[PDB]
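To keep things clear, I will list the structure first and then write my remarks on it.
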Amino acid sequence: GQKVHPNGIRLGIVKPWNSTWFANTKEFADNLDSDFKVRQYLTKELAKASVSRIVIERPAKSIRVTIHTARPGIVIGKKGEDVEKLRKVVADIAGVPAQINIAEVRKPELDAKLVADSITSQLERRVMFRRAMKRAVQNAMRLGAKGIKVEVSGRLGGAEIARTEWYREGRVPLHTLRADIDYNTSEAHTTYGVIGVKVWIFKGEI
Amino acid sequence: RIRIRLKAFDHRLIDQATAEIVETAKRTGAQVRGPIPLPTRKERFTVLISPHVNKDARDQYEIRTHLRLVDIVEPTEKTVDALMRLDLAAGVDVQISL
Amino acid sequence: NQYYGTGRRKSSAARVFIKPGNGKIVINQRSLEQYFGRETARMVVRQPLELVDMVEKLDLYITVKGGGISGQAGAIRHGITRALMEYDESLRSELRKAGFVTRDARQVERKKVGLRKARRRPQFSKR
Amino acid sequence: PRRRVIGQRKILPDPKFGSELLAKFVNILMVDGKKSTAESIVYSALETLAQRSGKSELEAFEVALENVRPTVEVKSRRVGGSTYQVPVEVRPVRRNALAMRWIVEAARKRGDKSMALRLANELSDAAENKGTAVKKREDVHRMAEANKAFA
Amino acid sequence: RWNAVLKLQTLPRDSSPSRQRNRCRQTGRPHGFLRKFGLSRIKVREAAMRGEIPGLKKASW
Amino acid sequence: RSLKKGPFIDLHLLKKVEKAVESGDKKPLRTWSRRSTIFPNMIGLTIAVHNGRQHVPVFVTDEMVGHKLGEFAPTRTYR
RNA sequence: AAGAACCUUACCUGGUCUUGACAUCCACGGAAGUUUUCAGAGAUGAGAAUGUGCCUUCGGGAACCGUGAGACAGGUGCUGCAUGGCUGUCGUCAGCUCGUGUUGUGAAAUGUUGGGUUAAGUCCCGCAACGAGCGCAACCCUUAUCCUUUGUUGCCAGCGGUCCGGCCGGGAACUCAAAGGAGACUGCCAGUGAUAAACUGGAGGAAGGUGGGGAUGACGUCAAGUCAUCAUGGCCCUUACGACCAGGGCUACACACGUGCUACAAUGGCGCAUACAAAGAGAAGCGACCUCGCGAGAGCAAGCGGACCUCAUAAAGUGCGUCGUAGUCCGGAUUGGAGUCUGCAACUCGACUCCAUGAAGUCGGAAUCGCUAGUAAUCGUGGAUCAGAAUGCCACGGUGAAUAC
Ligand SMILES: [Mg+2]
Ligand SMILES: [Mg+2]
Ligand SMILES: [Mg+2]
Ligand SMILES: [Mg+2]
Ligand SMILES: [Mg+2]
Ligand SMILES: [Mg+2]
Ligand SMILES: [Mg+2]
Ligand SMILES: [Mg+2]
Ligand SMILES: [Mg+2]
Ligand SMILES: [Mg+2]
Ligand SMILES: [Mg+2]
Ligand SMILES: [Mg+2]
Ligand SMILES: [Mg+2]
Ligand SMILES: [Mg+2]
Ligand SMILES: [Mg+2]
Ligand SMILES: [Mg+2]
Ligand SMILES: [Mg+2]
Ligand SMILES: [Mg+2]
Ligand SMILES: [Mg+2]
Ligand SMILES: [Mg+2]
Ligand SMILES: [Mg+2]
Ligand SMILES: [Mg+2]
Ligand SMILES: [Mg+2]
Ligand SMILES: [Mg+2]
Ligand SMILES: [Mg+2]
């Protein structure tokens, strides 16, 4: 969209990076490739756990990953057995010793990545978008959001021509760098094509 | 004698790493000159934005590589060797040299 | 006694050390007249020590680095203007009228995308 | 502009001579942004003119500029019909700048030896009133007083 | 030349750097590539705006 | 004229020169390598050079020293 | 398209393959890999070699190679008028809307219009409306002044020894480097103005009126662009629209158009001398010094993963001499000969250098373009793409205007 990405324009203001590792030009590209590969693998296996965001850092010659989820039971289960296999496989793919950590994020409905997935999941199960999206809105504000905005684009309802529909409630100042906006997207693969979902959540002014 | 250089991308994380280094160095010994600012590297990139034509649409990016330098001339070695290996350097690059 | 002035203009940092005595001007450990003064700041460097008093009243030692002809000229002029604390700041009242105290913040404007230099917009055909 | 009043600062007075008008003349005569060449050329022409005419340095060119300054200029105006050459009153600074530009262009179009001598020749023939700057100068005077009622 | 040493070109002319194109790593594009991040214009930006590449920020000097 | 200080010649083409000289001119030898250099070792020989579709024969002469094998092969077609 | 001689590269002509170049299930055989030879343009077939190791439950696996069957794999193939994502433009113009309320049978209106003012739907007063949202400003970066801390690989004011070079004792004042703070907010005054908003001027102040610049792009329009970056609905191919290789082509050329570079010269050309900058890159990399060469370059080859070393002696500028207004000591295309250098490979089709020739061009029709201050104008330096390539793109500095009634 012609609007600059909120999660990219505030990286140096109120949005920490999802990767905090340092490296020279000799291995910067290799580190990027490893990070992308591990993220792509992990997000597929942990689809049920509803991972919000995955942060990766470089301890003293090793790989450390921290995944924030609202359903730590699936990834933890009994003892650390379900995380041991994930640790060993991520270490295998990264080529260096790995350490994975689980973080709990309560009130999942207030998370952008998560709210979207909900929507997309629903749509994929032939649910009326209009209402899928309206609940998302209400849910959130109930929880306390100072604002929320939802948008869905594509062949809504299997129509012959694509259409975009959005709902905005509360206050969502996109030009205020002081404010923090949790922005995220998500896609769906329905029999009629691909439907894009896009959610902004405004939590505070600073 | 022993000069230490730290590299990072953030300006305050390097400051806290240097503060930790100097505090531990003065605790275990003496003769600390404090961190030296030195120049900061500004790696500038520019990338075309549109996936097709539209040459004018461009985005400018820059990476701020911050560098700090601190040296110690402490005589005793049992303090410097103890200072090493106990500090995580706030998870940013650091090098040991004579 | 020694008196210091910084002086700046277009990334041209100067250092002016005024002091009593009846010496000459010295810029970069060398004479300005030897350094092409008759056209290099022919009457820019020696502006401030003309209007308020005579040139041959205070010795000084100047040294400037970075910039060009007019860059050094303006840097030294600004430094000298902020280096005339011989007796209080009564002379700054007169130098304010002449406008020499304030520096020239004007600087080279960056080169924008889609343009050639700063504002030269490439010509387009037809409308 | 259309809404905000504007005004430019005053250039530094000409070196040594201290002639603000001479400093403006070097600005107009400047080409490609080179004040050194313009200053050298103007001083060469000034001293040549002074020694040729036997006159002083400051006002020798002042006389020529006074004798090559116009009074009215035709402005292309068309209120209801086609263009009408409506003469108007010339501002003081505008008169001065226009005469200066006339002198500079008249020296430009010459081919005598080089700028140093061409400028001196233009000044001499402007003082005498037998140059090309004066020849172009009388045109506005003859074309004045055409259409007053229109504005 | 020195003897027939030059003629020893029986190699498959693949080891020479000239044969390698150095395309992108996620998708693969001959054009719009840079050495630093090892990806291509488009992909790079996606990562930078999503906040994946460390130390990358908008330039507004 | 240019290109370092020495000529270049193809090897699987250099395998044909010795056979051609030992057995004498028998027939133009069809080849694709547009890289070999007319070296004296070729006066009195004919070579067929590929242009994409058909191999054009060409007879080598004495004054083709600084000229390459593919040089005498017109690939541009005009009305 | 931020790098078409191979590759890139799909396209053309040829020579090859059909569970395949690539993922995955199964069977059998075989360590991988390193060396050469025959034919052939190569791919490719066709041999000799060498090798036959880890786990090993002793019927095998894991890393990997060869052959075979079938599910498949594959498509830069079509539809941007099915789409996601991303982008251009109106346009950084100030507008675009929603709640209740009220008016109208209704589509709708109001607010959001009016009197002032502003760069602004910015603010004040009035008012049948009272509030809010997106947008404007403001938070962000950079730049202009000052202060605190720190002081090397940077600096040298006061002192000293000084091959009298900041180079060596030393110091940290200062430039500077990078972290944190102060400052500018119509704030203090005068006048104008419905006494309000605001406007004009003055003082102070480095910076006076969102100080300069950047990022920031509202609801929407153009079925605007991209199925080729990627993903993806539908359709189609699958013993070929898939896959491998040699060469060729994308660089053609009776014409037209767009964007640029170099010139028509004396504000200049040439020779000698000689000034003054910023911002960047560097490990299959930057490549001092010294030696050879009229040259592109070659040998030696320290230092440097970087305020240290290198790229790298900025050009304009100014001090002298020559040319003295011409198709010229301007102008450099074309062309011949001879060379340097990247690369398996410079012929189709690269860059640079030495010698020789020296077209057009003497300011340019209708028409049309950019720019209001460090602007335009003109002069140099760097970076990405990249083995080897710029007059293009991105980026830094020097000199530095004219005119806005
Ligand atoms: Mg363009
Ligand atoms: Mg410039
Ligand atoms: Mg290449
Ligand atoms: Mg693909
Ligand atoms: Mg090709
Ligand atoms: Mg479209
Ligand atoms: Mg009603
Ligand atoms: Mg309206
Ligand atoms: Mg209305
Ligand atoms: Mg109004
Ligand atoms: Mg408003
Ligand atoms: Mg001394
Ligand atoms: Mg004021
Ligand atoms: Mg704004
Ligand atoms: Mg934009
Ligand atoms: Mg269309
Ligand atoms: Mg189209
Ligand atoms: Mg090929
Ligand atoms: Mg092409
Ligand atoms: Mg010449
Ligand atoms: Mg380079
Ligand atoms: Mg550097
Ligand atoms: Mg020549
Ligand atoms: Mg001529
Ligand atoms: Mg290259």
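Note that these values count all heavy atoms, side chains included, but never hydrogens, waters or copies made by symmetry. Below, chains carry the letters A, B, ... as their sequence lines are ordered, and counting in each starts from 1.
- One N or O on the side chain of B:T18 and one on the backbone of B:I14 form a donor-acceptor pair closer than 3.5 Å.
- Nucleic acid contact for A:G147: none, since no nucleic acid atom lies under 4.0 Å from a heavy atom of the residue.
- For G:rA390, the base adopts the syn conformation, since its glycosidic angle falls within 90 degrees of zero.
- A canonical Watson-Crick pair (purine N1 to pyrimidine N3 plus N6-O4 or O6-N4) or a G-U wobble (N1-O2 and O6-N3), each contact under 3.5 Å, is present between G:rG66 and G:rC28.
- Across all strands shown, G:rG233 forms a Watson-Crick or G-U wobble pair with G:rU79, both key distances being under 3.5 Å.
- Using a 4.5 Å heavy-atom cutoff, the side chains of C:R106 and C:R9 are in contact.
- As judged by a 4.0 angstrom heavy-atom cut-off over every strand, E:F33 is placed among residues touching the sugar-phosphate backbone only.
- Judged by the sign of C1'-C2'-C3'-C4', the sugar at G:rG202 is north, the angle being positive.
- Nucleotides G:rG282 and G:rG306 place their P atoms 11 Å apart, quoted to the nearest Å.
- Nucleotide G:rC241 is matched to nothing when pairs are restricted to Watson-Crick or G-U wobble geometry with both distances under 3.5 angstrom.
- In this structure, A:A179 reaches neither bases nor backbone, as no heavy-atom distance under 4.0 Å exists between it and the strands shown.
- Using a 4.0 Å heavy-atom cutoff across all strands shown, A:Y192 reaches at least one base atom of the nucleic acid.
- Ion pairing of E:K36 with B:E43 is present here, as a side-chain N (NZ or NE/NH1/NH2) and a carboxylate O approach within less than 4.0 Å.
- Smallest separation of non-hydrogen atoms from E:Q26 and E:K43: OE1-CD, 3.6 Å.
- Using modelled atom types and a 3.5 Å distance limit, the side chains of F:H12 and F:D10 yield a donor-acceptor pair.
- Using a 4.0 Å heavy-atom distance criterion, F:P74 is classed as making no nucleic acid contact.
- Contacts of F:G52 with the nucleic acid, taken as non-hydrogen atoms under 4.0 Å apart, include base atoms.
- For G:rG45, the paired nucleotide is G:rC38, the pair qualifying as Watson-Crick or G-U wobble because both relevant distances are below 3.5 Å.
- When each of D:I11 and A:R178 is assigned the nucleotide of RNA chain G bearing its nearest heavy atom, the one mapping closer to the 5' terminus is A:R178.
- Taking 4.0 Å as the cutoff to heavy atoms of chain C, we find the contact window on RNA chain G bounded by G:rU143 to G:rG400.
- G:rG70 has its base anti relative to the sugar, with a glycosidic angle deviating from 0 by more than 90°.
- The partner of G:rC188 is G:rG202, judged by Watson-Crick or G-U wobble contacts that both fall below 3.5 Å.
- The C1'-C2'-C3'-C4' torsion of G:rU267 is negative, which assigns its sugar to the south, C2'-endo side.
- Neighbouring bases G:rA254 and G:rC255 form no stack, their six-membered rings failing the under 5.5 angstrom centre or under 30 degree plane limit.
- Applying the 90° criterion around 0 to the glycosidic angle, G:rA254 comes out syn.
- Across all strands shown, G:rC352 forms a Watson-Crick or G-U wobble pair, both distances under 3.5 Å, with G:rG339.
- As judged by a 4.0 angstrom heavy-atom cut-off over every strand, D:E39 is placed among residues making no nucleic acid contact.
- Between C:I62 and C:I76, the shortest heavy-atom contact is CD1-CG2, 3.6 Å.
- Base pairing of G:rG95 is made with G:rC134, judged by Watson-Crick or G-U wobble geometry with both donor-acceptor distances under 3.5 Å.
- Nearer the 5' end of RNA chain G, as judged by each residue's closest nucleotide, is the contact made by B:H66, out of B:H66 and E:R13.
- At least one donor-acceptor pair under 3.5 Å links the side chain of D:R108 to the backbone N or O of D:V104.
- Under the 5.5 Å and 30° stacking definition, the step from G:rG202 to G:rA203 qualifies as stacked.
- Looking at heavy-atom distances under 4.0 Å, A:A188 makes no contact with the nucleic acid at all.
- Nucleotide G:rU335 shows a positive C1'-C2'-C3'-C4' value and thus a north, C3'-endo-like sugar.
- Pucker assignment for G:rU9 gives south. The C1'-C2'-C3'-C4' angle has a negative sign.
- With both distances required under 3.5 Å, G:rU262 does not pair with G:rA316 in Watson-Crick or G-U wobble fashion.
- With a negative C1'-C2'-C3'-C4' torsion, the sugar ring of G:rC241 falls in the south range.
- Taking a 6.0 Å sphere around NZ of A:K146, one finds it holds 12 or fewer heavy atoms contributed by other residues, nucleotides or ligands.
- Side-chain atoms of F:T37 never come within 3.5 Å of backbone atoms of F:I9 as a donor-acceptor pair (strictly under, hydrogens ignored).
- A:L174 comes within 4.0 angstrom of the backbone, heavy atoms only, and of no base.
- Here C:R82 lies in heavy-atom contact (under 4.0 Å) with sugar-phosphate atoms only.
- By the Watson-Crick or G-U wobble test, with both distances required under 3.5 Å, G:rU13 and G:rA246 count as a base pair.
- For G:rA182, the paired nucleotide is G:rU145, the pair qualifying as Watson-Crick or G-U wobble because both relevant distances are below 3.5 Å.
- Of all the heavy atoms in C:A83 and C:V16, the pair that sits closest is CB-CG1, 3.5 Å.
- Nucleotide G:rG400 has no partner under the Watson-Crick or G-U criteria, as no pair reaches both atom distances under 3.5 Å.
- Shown here, G:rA41 is classed anti by the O4'-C1'-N9-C4 or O4'-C1'-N1-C2 angle, which is more than 90° from 0.
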